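S.K.: Any chance you can model this:
(chains A, B, C, D, E, F and G, ligands or ions: 3)
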Amino acid sequence: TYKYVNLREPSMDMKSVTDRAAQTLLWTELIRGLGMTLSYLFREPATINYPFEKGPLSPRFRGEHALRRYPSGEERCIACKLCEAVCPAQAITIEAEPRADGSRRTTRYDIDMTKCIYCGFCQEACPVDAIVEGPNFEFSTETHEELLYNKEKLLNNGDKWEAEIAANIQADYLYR
Amino acid sequence: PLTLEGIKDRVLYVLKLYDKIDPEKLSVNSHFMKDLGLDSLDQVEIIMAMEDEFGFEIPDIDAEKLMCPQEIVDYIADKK
Amino acid sequence: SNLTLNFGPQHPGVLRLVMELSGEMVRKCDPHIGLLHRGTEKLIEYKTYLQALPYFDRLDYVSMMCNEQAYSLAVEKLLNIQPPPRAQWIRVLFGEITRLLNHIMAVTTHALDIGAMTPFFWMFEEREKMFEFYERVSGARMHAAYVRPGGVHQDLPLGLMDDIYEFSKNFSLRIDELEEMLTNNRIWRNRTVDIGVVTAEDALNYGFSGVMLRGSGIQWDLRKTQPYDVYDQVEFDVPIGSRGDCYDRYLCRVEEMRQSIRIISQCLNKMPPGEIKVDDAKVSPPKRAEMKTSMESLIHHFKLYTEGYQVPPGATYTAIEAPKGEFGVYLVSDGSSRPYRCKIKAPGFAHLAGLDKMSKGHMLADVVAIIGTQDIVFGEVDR
Amino acid sequence: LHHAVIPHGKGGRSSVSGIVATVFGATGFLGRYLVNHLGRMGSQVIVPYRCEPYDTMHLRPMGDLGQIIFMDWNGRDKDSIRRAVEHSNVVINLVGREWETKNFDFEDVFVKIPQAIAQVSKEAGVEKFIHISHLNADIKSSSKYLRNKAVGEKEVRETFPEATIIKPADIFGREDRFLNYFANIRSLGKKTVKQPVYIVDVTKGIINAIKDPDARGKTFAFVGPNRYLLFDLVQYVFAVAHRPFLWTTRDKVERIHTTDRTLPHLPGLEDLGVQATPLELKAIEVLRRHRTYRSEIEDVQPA
Amino acid sequence: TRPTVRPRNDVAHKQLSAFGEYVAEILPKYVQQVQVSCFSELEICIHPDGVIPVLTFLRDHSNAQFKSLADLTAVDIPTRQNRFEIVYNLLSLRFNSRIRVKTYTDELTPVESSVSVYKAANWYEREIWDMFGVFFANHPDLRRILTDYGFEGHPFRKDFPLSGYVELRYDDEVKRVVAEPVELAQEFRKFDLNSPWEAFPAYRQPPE
Amino acid sequence: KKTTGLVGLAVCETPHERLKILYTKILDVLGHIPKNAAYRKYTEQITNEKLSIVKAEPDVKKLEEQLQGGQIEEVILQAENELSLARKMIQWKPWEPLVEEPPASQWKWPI
Amino acid sequence: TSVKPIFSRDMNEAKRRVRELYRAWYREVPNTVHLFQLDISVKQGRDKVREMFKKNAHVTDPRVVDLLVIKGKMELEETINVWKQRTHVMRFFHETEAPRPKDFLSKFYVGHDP
Ligand SMILES: NC(=O)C1=CN([C@@H]2O[C@H](COP(=O)(O)OP(=O)(O)OC[C@H]3O[C@@H](n4cnc5c(N)ncnc54)[C@H](OP(=O)(O)O)[C@@H]3O)[C@@H](O)[C@H]2O)C=CC1
Ligand code: SF4
Ligand code: SF4
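M.R.: Numbers count the residues shown, from 1 in each chain, chains lettered A, B, ... in the order given. Ligands and ions are numbered 1, 2, ... in the order given. Below, you will see the structure:
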């Protein structure tokens, strides 16, 4: 099934050749293109004002991941190293120790935001949903030192909001 | 003005102009590769320096079979 | 002698071109490419399958789902898995969406690379809505991985196909207005008609693929000859070019956009409500509720994300009709959890191979028009 | 010394060398080359700056990820200086503007700046303080510049007795003051011996003095290998700059007409152990910007 | 076996078996292995003295057109004497078929350089020369495509490491970009993922 | 007919006699090939079958759609290419036995 | 072991091709040091060219010497063209090493280095 184009001959009927000559001399289709540009001139602009109207998004947006914690409880992570095993950029660095209580925990949970391609594999590989790719786009960092998140920048970032992250997960826990 | 003794003298001063030759110790049976102890690297340096100064193209097999300053002079007298 | 110009990486994509030109009408042009060299093949050799899937997502970067589809069909072909039907239909719908996206960016960047400024802005508003669809589906702006070997991961949320229907109607009107604006525009026809003719014999010997084969005669569609998926059940036709012109190739790209609109319409009208992923927990990860309240699902989740699934030993070469042409992937897999050696056939690389025959007897503005008129992204050309 | 002060492996670019250098000034010429060699060493460089962050932005990408650090200071408050040398292995004093201002003069920059920092670095408890001074800095007259640097040498010898006073000659480099000052002109003809020394040999001497003890306490002097006349120097730099031609203060012209002399009562480069380079190689390096398109090596070498 | 298992066809399998037997009958001089895989793509394993005869036969002969050339690679396999495997990947136009001509070579052997019978193989051959290290004799131009000029080492081998030996950085001494030995900031942790327990019994090689 | 679809393939004017003299040249050059090779048998078989299809056609479109090979002048290019490999396979002697074998522990894959 | 050659038959053509390539590299340096505006005299450049030729001096196999001739001829073509920049030609030299010593004692003060 092929539908091929560019097949016409110049018709030696007088009307077709005089219409092509009128196109060549009287500048028809160039003024037609001017008419199309004027038709988009008299529209309304499809712009949004940035610093007052932030653009639309999705409830599964990926960016600025942080660690969650239990409802009225401790840290949610286990240091099971699933996210370090699956991280395709190899950005995760986990060092684990148990505390005095006996539950297995961490010492070091360092992510390079510079190396992070922002997949979502550490969002989906975590069995207890400890690390979740957050909602927003607020990095804009002046130094290369500050884009290397420790465990405590991650926990302050997971304590700066959980209501957002809990709302997005409660919106979308029946798909994944 | 091209005489063979001028050829020998001009090869003599351009070999003196070459710096890495140590010592001077120049003759007609000098044999600057084994009696004077230099590489074939220095051989092709010297013969292309002859090419640069007053020579013909001087192909590399004929360049390799020179090995001697009087024989360089005689090859110059051959092709010129 | 003749003027040996050195066009550097400035913008007229990004390359270096050394042209020994004669006198405003050239003699011998050589593209020094490889400036955007990254090391994708060595990196995939030292990584696993699921982890090195985003390398196949971004080795080509304007197409973003056909490259995923090619690698996922390579792994699903080697691993002997037929994906479920609803995954196949969503894969077809997003293949047509990405095809529409790549053709419209190629049209607009060729128009701006000549110098026309405004339909760039119009059709990039349309492509902003395209990226809104990608955001709502996956969560990423551009680089949605989203296509696992084992079918579509995490199916589309409720309330999407109505938006795709609205976008279909409005986009048909907008491409009709693009043909209203350009296309019998006189100075643009004067800009590109008789430049870059390609004989079909040379189109086969120089290894041209996709749109170049459509423009230079011979009828060759992978979607029509070798149906690798449910394309055999949707009815469409491919456009063919009579003359080897650049204007002809432009018309062919516009009509492939229009046929992508047809396939999107029939794919919306004939969606089956089958399932997201395959019926095998050892390849696709199990869903999270069964993971939590099941032992074997937790074990398969844990091993399937640490070690990954193994692949039986063997070598395959599949290739699909990406909008640039026959995007090919040749996997060689020792029986293990990592691939042994992958390699990528790039239609942009094969098209850029014939730049001498496309720019032998023309001038340098026509050389810029020839570099623009093939959808070459210079990240895929590197491999 | 605590751990993470021991060295590790090879040199530079996240290869941990064993020094932490607080480098005063460091925004101009010589401090930028010294921060270059310390970032090549792979150290931690604490640079304090009082200027705009744009100049320390231009010297910023020298060190590796977070190796160098930036902090503010002033010439009035001892608290910011003690905050700068809270914990530091070594500290070097490289400061001084070649012309006066309305807020800081030649007076008391070289008296009030090094006394305060040497006092707070002795009280903070660091070792290996290296202070640069100009050659021929004497109590004898004809320069406010040179008599103030002589008072500075005497004061930094008096307080903090285990200091390394080191003194170069009129150093020349890629972004020099005096040789670029010679090229940017239009002139007279007199006789004056003067020996430039190239800047990378001087900073190799500084890093060898800063990581190679048995040189603490003793004052050193940098002597270039040339020691020749000024008139043939000017004609050589014009001949290499391809122009025939047969802030400009009085203190600068009297510095370039001061006869630089050397005394071997203090050791030079060989007792420290780094090779010196002659003029002409680096002179053909720095003398760009001839004309539109535009060798004759003079090599006077007097006495 | 009906859901979620890829259905194979036997018509293409029988046809590719018959055609591979036919090819090896009509070219007895250069043919060693004729294999058809389970998913019906033909592979012909070839001594490196017949690259030009096999490809001039296969581009022509009117019973197998094979006009188009795709991937060329020479997968860098240790453990053998002849390391590299050059894979010409031929696609027809009149037939809808795919064959892989796999010829073998070691590190120091010129293969017969298919640029004269496939003009698409020009940059493919130059790229395989630059990346692997297999010289191609009677060939117009061999330069370095996809690598830096001052870089060498033929990096796609298994012997060249992941990170290279040189690493560029700008410095203000010589006011330019210089090359230094690599000092990584993180280890690149290699994972020991190849678990035992023999996930495929059908591919067991016979032991000694 | 006039101006077929391919670009650098200008139309023919006499298909029948041109294709017949092409195949007489094929059978001649193939007559110079040795006999006990299989290549002579398969080529002479397929070329006699194709020529015998050509011998009894009065039309053009019937020959195009009846004889496989599709478009009429691509058949002519295909015939010229097969004559070129016949001239090349007078040389190169491919019917001789196998050239020297590999070390035989090589074509096994799974390593 | 009847091996296919590259160019040669024994070491004689190998020595002939390498002395041809050295003649080309000798007459190719001063043009480039005038062109790319380097900072190094012609004699030092020629000394490091002959040092690069003296580096591979223990090579005996004729195919290997043929392949080194091919490498040198490719790089000489890329330097007689203006494709390579100032960076790569200065990258042939070594001005920014701060070179590590070879005595056992200074390898002992910066240790773990056999
Ligand atoms: N001819 C030469 O170049 C020679 C120079 N020297 C010595 O080298 C040193 C550096 O000289 P050079 O780089 O050429 O010139 P600069 O004046 O540019 O370097 C001095 C540095 O200290 C800073 N500085 C100077 N005065 C003050 C002040 N009052 N308060 C705060 N910061 C100050 C300067 O500017 P900023 O405040 O912006 O940081 C700059 O960073 C001087 O001490 C000089 O005696 C020695 C021998 C020869
Ligand atoms: S996958 Fe989750 S529980 Fe496991 S180490 Fe990572 S964040 Fe912690
Ligand atoms: S999203 Fe970032 S941190 Fe998470 S797996 Fe990907 S690269 Fe690693």
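S.K.: Every contact and neighbour count from this point should use C-alpha atoms.
M.R.: Fine.
S.K.: so residue G:26 sits right up against residue G:47, yeah?
M.R.: No - counting by CA atoms under 8 Å, residue G:26 stays clear of residue G:47, with 9.8 Å between them.
S.K.: all strands of chain E, in order?
M.R.: Using DSSP state E, the strands found in chain E span residues E:31-36, E:42-46, E:68-70, E:84-91, E:98-105, E:166-171, E:176-181.
S.K.: Please work out how many residues are found near the nearest residue to residue E:99 once chain neighbours are set aside.
M.R.: Nearest non-adjacent residue to residue E:99, counting by CA to CA, 6 or more residues apart in numbering or on different chains: residue E:42, 4.6 Å away. Residues within reach of residue E:42, counting by other CA atoms under 10 Å in any protein chain shown, total 20.
S.K.: Repeat that for residue G:55.
M.R.: 10.
S.K.: Tell me the spacing between it and residue G:42.
M.R.: Distance of residue G:55 to residue G:42, computed by CA to CA, to the nearest Å: 20 Å.
S.K.: Residue B:42 now?
M.R.: From residue B:42 to residue G:42 the distance is 16 Å (CA to CA).
S.K.: Which stretches in chain F count as helices?
M.R.: For chain F, applying DSSP state H gives helices covering F:15-31, F:38-54, F:61-66, F:72-90.
S.K.: Residue of chain B nearest chain F, please.
M.R.: residue B:61 (36.3 Å; CA to the nearest CA).
S.K.: List the contacts of that residue.
M.R.: Residues near residue B:61 by CA atoms under 8 Å, 6 or more residues apart in numbering or on different chains: residue G:16.
S.K.: element containing it, please.
M.R.: Per DSSP states H and E: residue B:61 is located in helix B:60-64.
S.K.: Go through that helix and flag the buried ones.
M.R.: B:60, B:63 (16 or more other CA atoms under 10 Å in any protein chain shown).
S.K.: what do you get for stretch F:17-26?
M.R.: Using 16+ other CA under 10 Å as the test for burial, stretch F:17-26 gives F:19, F:22-23, F:26.
S.K.: hmm, back to that, may I see the helices of chain F organised as JSON lines, with distance to residue E:149 added?
M.R.: Below are the helices of chain F laid out as JSON lines (distance: least, CA to CA, whole Å):
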{"stretch": "helix F:15-31", "distance to residue E:149": "50"}
{"stretch": "helix F:38-54", "distance to residue E:149": "48"}
{"stretch": "helix F:61-66", "distance to residue E:149": "54"}
{"stretch": "helix F:72-90", "distance to residue E:149": "40"}
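S.K.: burial count for the closest residue to residue D:255 other than its chain neighbours?
M.R.: Excluding its sequence neighbours, the residue lying closest to residue D:255 (CA to CA, 6+ apart) is residue D:143, at 7.5 Å. When neighbours are counted by other CA under 10 Å, residue D:143 registers 18.
S.K.: cool, residue D:85 as well?
M.R.: So residue D:85, with other CA under 10 Å, has 24 neighbours.
S.K.: how near is the nearest residue to residue D:109 once chain neighbours are set aside to residue D:108?
M.R.: With sequence-adjacent residues excluded and distances taken as CA to CA, 6+ apart, residue D:109 is closest to residue D:96, at 7.0 Å. Distance of residue D:96 to residue D:108, given as CA to CA: 11 Å.
S.K.: Comparing these two, which residue is more hemmed in?
M.R.: Between residue D:96 and residue D:108, counted using other CA under 10 Å, residue D:96 has the larger neighbour count: 17 against 14.
S.K.: Surely that one is within a helix?
M.R.: No - assigned with DSSP: H, G, I helix; E, B strand; the rest coil, residue D:96 falls outside any helix and is coil.
S.K.: Just the buried residues of the longest helix anywhere in chain E, please?
M.R.: With secondary structure taken from DSSP H, chain E has its longest helix at helix E:11-26. Residues of helix E:11-26 classed as buried: E:13, E:16-17, E:20, E:23-24, E:26 (neighbour count, 16+ other CA under 10 Å).
S.K.: So which of these is the closest to chain G?
M.R.: For those, the closest approach to chain G (CA to the nearest CA) belongs to residue E:24, at 25.5 Å.
S.K.: Surely the closest one touches residue E:35?
M.R.: No - counting by CA under 8 Å, residue E:24 does not reach residue E:35; the two are 10.9 Å apart.
S.K.: Pretty sure residue G:90 sits in a strand.
M.R.: No - under three-state DSSP, residue G:90 sits outside any strand and is assigned helix.
S.K.: what about it, neighbour count?
M.R.: By other CA under 10 Å, 20 other residues sit near residue G:90.
S.K.: With residue F:104 instead?
M.R.: Neighbour count for residue F:104, taken as other CA under 10 Å: 8.
S.K.: Ok, residue F:7 next?
M.R.: Using other CA under 10 Å: residue F:7 sits among 21 other residues.
S.K.: quick one: it and residue C:242 touch, right?
M.R.: Yes - between residue F:7 and residue C:242 a contact is recorded at 7.2 Å, counting by CA under 8 Å.
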